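Each chain is listed here by its residues.
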Amino acid sequence: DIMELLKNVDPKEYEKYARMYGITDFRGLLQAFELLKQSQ
């Protein structure tokens, strides 16, 4: 669960997550952060 992991990651650290987990869809990560905001 990416979002669950992103709970421990800042919305400005989407690049860090991408580099660590090898994510090419950085926009999906940004959207995931927005989804977390909705769940918040």
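Definitions and cut-offs
- Residues numbered from 1 in each chain as written, not as in the entry; some residues may be left out.
- Heavy atoms only, no water.
- Salt bridge = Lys/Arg side-chain N within 4 Å of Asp/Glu carboxyl O.
- Buried < 20%, exposed > 50% of the residue type's maximum accessible area, 1.4 Å probe, protein only.
- Helix = DSSP H or I, 4+ residues; strand = E, 2+ residues; numbered from the N terminus.

- Listed under the method field of the entry is solution NMR.

- The name given to the protein chain in the PDB entry is Isoform 11 of Titin, with the source organism recorded as Homo sapiens.

## Concerning the pattern of salt bridges
In step 1: Under the criterion given, the structure shown has 4 salt bridges.
In step 2: Two residues, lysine 7 and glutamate 4, come together in a salt bridge whose shortest N-O distance is 2.8 Å.
In step 3: Given a relative accessible area of 53%, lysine 7 falls into the exposed group.
In step 4: Among the ionic pairs, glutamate 34 bridges to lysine 37, the shortest N-O distance being 2.8 Å. Here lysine 37 and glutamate 34 lie together in helix α3 (residues 26-39), a separation of 3 residues that amounts to about one turn.
In step 5: Note on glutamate 34: relative accessible area 36%, which makes it partly exposed.

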